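For this one, two forms of the same chain are given in structure tokens, first as structure 1 and then as structure 2.
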Structure 1
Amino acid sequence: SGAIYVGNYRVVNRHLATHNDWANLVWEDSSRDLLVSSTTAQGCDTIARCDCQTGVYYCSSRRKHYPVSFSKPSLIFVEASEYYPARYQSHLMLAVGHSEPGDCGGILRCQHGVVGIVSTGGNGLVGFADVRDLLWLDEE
């Protein structure tokens, strides 16, 4: 579990979005495993605006933050998981690291702020849904 809180937005994995999220929907994209809902309180997170490929992510199944190198966002085949069939996911970054289904929502951060959230795992990789291209998260 986990979310990003920026302005009056909450960014969650689409597959973990609640009824309240869907009832307050701003934007969602199944291909990216992202959903954004509206919030009452202002959030603490700053979104990175950069093409970093190094950062640190939170792994809830280890209670640990790990430094990782990660691929630039691209369109990647993902094998079946507990929460999706095998399918293509867009805007996905991969690193070598541990990720189980419950790790989804852990933040990946670089020197510029939040890069994305854990979205995929298995076969010794962790996949992150990028948010750095969502410039609208920083206004209105």
Structure 2
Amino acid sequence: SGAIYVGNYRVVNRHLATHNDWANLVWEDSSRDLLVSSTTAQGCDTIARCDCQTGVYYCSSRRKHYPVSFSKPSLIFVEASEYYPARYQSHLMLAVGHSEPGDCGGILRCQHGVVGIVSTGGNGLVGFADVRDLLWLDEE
């Protein structure tokens, strides 16, 4: 589990969104595994606006932050889970790292700010849903 709190937005994995998220919906995209809801309180996270390919992510199944090298956002085939059919997930970045299904939500960050959140993985892989192209998270 986990979310990004930027401005008056909450960014979560679409597959982990709550009823309150769906009842206060700003935007959702199944192909990216992302959903954004509105918040009453202002958040403290800042979004990175860059093309970094190195950063650090939080892994809840190890209580640890790991430094990683990761691929550029791409269209990558993801194996069937309890949330999605085997399919093509867009704007996904992969790295070598430990990951398990409850780790979705952990933040990946670079020197510029938050890059994205854990969305996939398995066999020493971890996939991150990028958020750096969502420029509207910085306003309104």
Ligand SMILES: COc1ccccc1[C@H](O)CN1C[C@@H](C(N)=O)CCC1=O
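For the two forms, the rigid core is made up of the largest set of C-alpha atoms that agree within 1.5 Å on superposition. Numbering runs along the sequence of structure 1, starting at 1.
Shown as structure 2 is the form deposited with the ligand bound, with the alternative form given as structure 1.
Summarising the superposition on the core between structures 1 and 2, the listed residues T39, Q53, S81, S60 contain exactly one with a Cα shift of 2 Å or larger, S81. Taking the rigid core as reference, the CA displacement of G124 between structures 1 and 2 comes to 1.3 Å. Its Cα shifted by 0.2 Å, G113 is compared between structures 1 and 2 on a rigid core fit.
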